[PDB]
Amino acid sequence: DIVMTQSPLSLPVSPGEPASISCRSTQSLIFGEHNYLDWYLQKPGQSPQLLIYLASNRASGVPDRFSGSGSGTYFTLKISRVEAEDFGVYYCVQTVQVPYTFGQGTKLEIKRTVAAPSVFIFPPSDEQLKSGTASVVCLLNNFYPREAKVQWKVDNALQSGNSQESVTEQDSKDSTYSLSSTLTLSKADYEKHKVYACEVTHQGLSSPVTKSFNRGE
Amino acid sequence: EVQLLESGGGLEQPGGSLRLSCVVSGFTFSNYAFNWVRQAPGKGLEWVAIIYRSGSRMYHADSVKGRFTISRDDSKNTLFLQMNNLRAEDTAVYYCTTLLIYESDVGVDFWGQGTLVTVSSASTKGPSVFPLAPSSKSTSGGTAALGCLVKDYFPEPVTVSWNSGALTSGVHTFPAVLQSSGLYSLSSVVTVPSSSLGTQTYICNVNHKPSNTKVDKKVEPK
Amino acid sequence: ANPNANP
């Protein structure tokens, strides 16, 4: 197949500043006198919307902030001055050869200032322990940028494979992210250890922050 | 007004079958090729199949070849996708779309709203709600947070409000994660000032319409 | 190529 590589994968841009998204193919997209690459924008909960067709032609109704360029295997979408409504995920797709393939998508984010997360630790509830399972949750509240490292330690033992993370979309008010990490253990495995800690590393923090607890206070 | 209206989605077990339909109105259906494009939850767009206006030329993607079949009934201006031998990874929103139409030197493109197909072996299950309570020391620093762990439900979605939907400031409801059990799990937290703690009471309202279940779990510290 | 993008 043809592999479409988009760069970057995440693009934080302040409103009014320009943005540039590239799309790479592993095979030339030329047929005749056209390059068969289109640019789409998909907002959350909406259908994709055509922005640029055939590499460099602006679709009807698209504002002049949008332009496309490139030929062969390298193509670029540019926004001269981003506005609030251009936030979303941009996809390129080639149609010169079947199977048609999409890029991974480029998430255009809101570039706000750096914000440190507020960290909270939640032990498993007594109700859940009556089912056989223990869930420890670690909350990172209202931070920026998205890049953050969460590590679980049970009696100073780094965990691996038994945790899952989930991050919200950028908040529509303050443009921050929030992240939850859930450590899932059996009731028996939970009661075998005493100290549970999640360690957070983030740009807004000078040094990593650790919030912990002990079973039964 | 052009409209592409999809239907035929819903829940089915692995190995089962669904047949998606896309009825095109206000548009000369017979003259154009049509595509199916799907998008797994949170993932990206993936091209599935194409059928040309001729009807004799049609292509399918490798991932779905031999299991899905694209077809068209020009007499009813309707596009179809027959989905057999369904797999868990076929769970996605499916869009019918013409993709780019370039003629008379102008470019247009029409998409449907999408229809969700969920492929899973799990039985419907309402969620269990467990409180996530702060430590009473974590509440001294002005603001305090608390939330609800929504565990072991199927299918999507659940909806979570706070105090029956009155409280909306500082609430973050996280995207569900499909556990290895085939059941979803999420948490919903809300930061509130430790002062109104004793004065009032915060409850999370979990609603899972597929199971006709509604749960209100009061959340408090210590 | 794309049939709706008349080659």
# chains A, B, ... in the order shown; residues from 1 in each chain; ligands from 1

call {"tool": "interface_residues", "arguments": {"of": "chain C", "to": "chain A", "cutoff": "9 Å", "atoms": "only C-alpha atoms", "output": "MDAnalysis selection string"}}
result
chainID C and resid 1:2 5 7

call {"tool": "write_last_selection", "arguments": {"atoms": "C-alpha atoms", "output": "CSV table (one decimal), in the first residue's frame"}}
result
chain,number,residue,atom,x,y,z
C,1,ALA,CA,-7.1,7.3,-9.4
C,2,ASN,CA,-10.3,8.9,-8.2
C,5,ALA,CA,-11.9,13.5,-10.1
C,7,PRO,CA,-8.7,11.9,-15.0

call {"tool": "closest_atom_pairs", "arguments": {"of": "chain B", "to": "chain C", "cutoff": "7 Å", "atoms": "only C-alpha atoms", "output": "Markdown table"}}
result
| residue | atom | partner | partner_atom | distance |
| --- | --- | --- | --- | --- |
| B:32 | CA | C:4 | CA | 6.1 |
| B:33 | CA | C:4 | CA | 6.2 |
| B:52 | CA | C:3 | CA | 7.0 |
| B:100 | CA | C:5 | CA | 6.3 |
| B:101 | CA | C:4 | CA | 4.6 |
| B:102 | CA | C:5 | CA | 4.6 |
| B:103 | CA | C:6 | CA | 6.8 |

call {"tool": "interface_residues", "arguments": {"of": "chain A", "to": "chain B", "cutoff": "9 Å", "atoms": "only C-alpha atoms", "output": "NGL selection string"}}
result
:A and (38 or 46-50 or 53-54 or 57-60 or 91 or 98-105 or 120-128 or 135-137 or 139 or 141 or 164-169 or 171 or 178-180 or 182 or 213)

call {"tool": "select_by_dssp", "arguments": {"residues": "stretch 34-182 of chain A", "states": "alpha helix (DSSP H)", "output": "list in words"}}
result
residues 126, 127, 128 and 129 of chain A

call {"tool": "residues_around", "arguments": {"residues": "residue B:1", "least_positions_apart": "6", "cutoff": "10 Å", "atoms": "only C-alpha atoms", "output": "mmCIF file with N, CA and C atoms, in the first residue's frame"}}
result
data_model
loop_
_atom_site.group_PDB
_atom_site.id
_atom_site.type_symbol
_atom_site.label_atom_id
_atom_site.label_comp_id
_atom_site.auth_asym_id
_atom_site.auth_seq_id
_atom_site.Cartn_x
_atom_site.Cartn_y
_atom_site.Cartn_z
ATOM 1 N N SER B 25 -29.942 11.750 -1.522
ATOM 2 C CA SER B 25 -31.015 12.581 -2.043
ATOM 3 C C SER B 25 -30.473 13.907 -2.561
ATOM 4 N N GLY B 26 -31.201 14.469 -3.525
ATOM 5 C CA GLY B 26 -30.850 15.743 -4.128
ATOM 6 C C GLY B 26 -29.547 15.688 -4.890
ATOM 7 N N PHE B 27 -29.190 14.516 -5.407
ATOM 8 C CA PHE B 27 -27.890 14.299 -6.019
ATOM 9 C C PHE B 27 -28.014 13.170 -7.034
#

call {"tool": "atom_distance", "arguments": {"atom1": "atom CA of residue A:212", "atom2": "atom CA of residue B:198"}}
result
24.9 Å

call {"tool": "residues_around", "arguments": {"residues": "residue B:181", "least_positions_apart": "3", "cutoff": "9 Å", "atoms": "only C-alpha atoms", "output": "compact mmCIF listing (two decimals) with N, CA and C atoms, in the first residue's frame"}}
result
# COMPACT_ATOMS: atom_id res chain seq x y z
N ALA B 122 -19.55 -9.11 24.56
CA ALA B 122 -20.07 -8.91 25.89
C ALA B 122 -21.57 -8.62 25.88
N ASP B 152 -17.05 -1.24 34.33
CA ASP B 152 -17.70 -2.48 33.90
C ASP B 152 -19.11 -2.22 33.36
N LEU B 178 -11.64 0.64 26.94
CA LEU B 178 -12.14 -0.73 26.83
C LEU B 178 -11.18 -1.64 27.56
N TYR B 184 -16.17 -1.40 29.35
CA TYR B 184 -15.62 -0.06 29.38
C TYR B 184 -15.44 0.42 30.82

call {"tool": "closest_residue", "arguments": {"among": "A:193, A:146, A:81, A:173", "to": "residue A:117", "atoms": "only C-alpha atoms"}}
result
A:146

call {"tool": "residues_around", "arguments": {"residues": "stretch 74-86 of chain B", "least_positions_apart": "3", "cutoff": "8 Å", "atoms": "only C-alpha atoms", "output": "list in words"}}
result
residues 12, 13, 14, 15, 16, 17, 18, 19, 20, 21, 22, 23, 24, 25, 29, 30, 34, 36, 67, 68, 69, 70, 71, 90, 96 and 119 of chain B

call {"tool": "atom_distance", "arguments": {"atom1": "atom CA of residue A:148", "atom2": "atom CA of residue A:90"}}
result
23.6 Å

call {"tool": "atom_distance", "arguments": {"atom1": "atom CA of residue A:203", "atom2": "atom CA of residue A:149"}}
result
9.8 Å

call {"tool": "select_by_dssp", "arguments": {"residues": "stretch 4-216 of chain A", "states": "strand (DSSP E or B)", "output": "JSON, numbers by chain"}}
result
{"A": [4, 5, 6, 7, 10, 11, 12, 13, 19, 20, 21, 22, 23, 24, 25, 30, 31, 34, 35, 37, 38, 39, 40, 41, 42, 49, 50, 51, 52, 53, 57, 58, 66, 67, 68, 69, 70, 71, 74, 75, 76, 77, 78, 79, 88, 89, 90, 91, 92, 93, 94, 101, 102, 106, 107, 108, 109, 110, 115, 118, 119, 120, 121, 122, 133, 134, 135, 136, 137, 138, 139, 140, 141, 142, 143, 144, 148, 149, 150, 151, 152, 153, 154, 158, 163, 164, 165, 166, 167, 177, 178, 179, 180, 181, 182, 183, 184, 185, 186, 195, 196, 197, 198, 199, 200, 201, 202, 209, 210, 211, 212, 213, 214]}
